[PDB]
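Working notes for the structure below.
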Amino acid sequence: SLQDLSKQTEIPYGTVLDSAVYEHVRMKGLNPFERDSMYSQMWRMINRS
Amino acid sequence: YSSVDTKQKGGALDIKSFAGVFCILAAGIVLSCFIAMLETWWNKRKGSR
């Protein structure tokens, strides 16, 4: 599950730049009202550099 | 924020984890040298085996 993927300890994950998936995770990550640890930890890994 | 330290899902032993074992051998070495001092003196008074 995405809970495992955001909590696993073995594999890096990501997606295509500027994708509607990337932007969807950005909308769940950078938003000040949304604060789910799962989505925000997905985003940070996607946000690195 | 994440407490997920990834690397330590098991592992080999480290010299610095094993240090407490070598302390017993070191204490044995020290004590055998010390005991050897006592015979090394006393045989000089015996002058014999």
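Residues in the structure tokens are numbered from 1 in each chain, the chains being A, B, ... in the order shown, and ligands are numbered from 1 in the order shown.
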I'd like a table as CSV: residues in chain A with an atom no more than 9 Å from chain B, each row giving the shortest atom pair and its distance in Å to one decimal, only C-alpha atoms counted, sorted by chain and rising residue number.
residue,atom,partner,partner_atom,distance
A:7,CA,B:4,CA,7.7
A:8,CA,B:6,CA,8.2
A:9,CA,B:6,CA,5.0
A:10,CA,B:6,CA,7.6
A:41,CA,B:2,CA,8.9
So how far away is CA of residue 6 (chain A) from CA of residue 12 (chain B), in Å?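 Atom-to-atom, CA of residue 12 (chain B) and CA of residue 6 (chain A) are spaced 26.6 Å apart.
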Close residues, residue 12 (chain A) itself excluded, 10 Å, only C-alpha atoms, min 6 positions apart in chain, as a list in words: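 Contacts, in chain order: residues 5, 6, 45 and 46 of chain A.
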CA of residue 26 (chain A) to CA of residue 47 (chain A) measures 8.3 Å
I'd like to know which residues of chain A are helix (DSSP H, G or I) (by DSSP, run on the backbone); could you write them as a list in words? residues 2, 3, 4, 5, 6, 7, 20, 21, 22, 23, 24, 25, 26, 27, 28, 29, 37, 38, 39, 40, 41, 42, 43, 44, 45, 46 and 47 of chain A
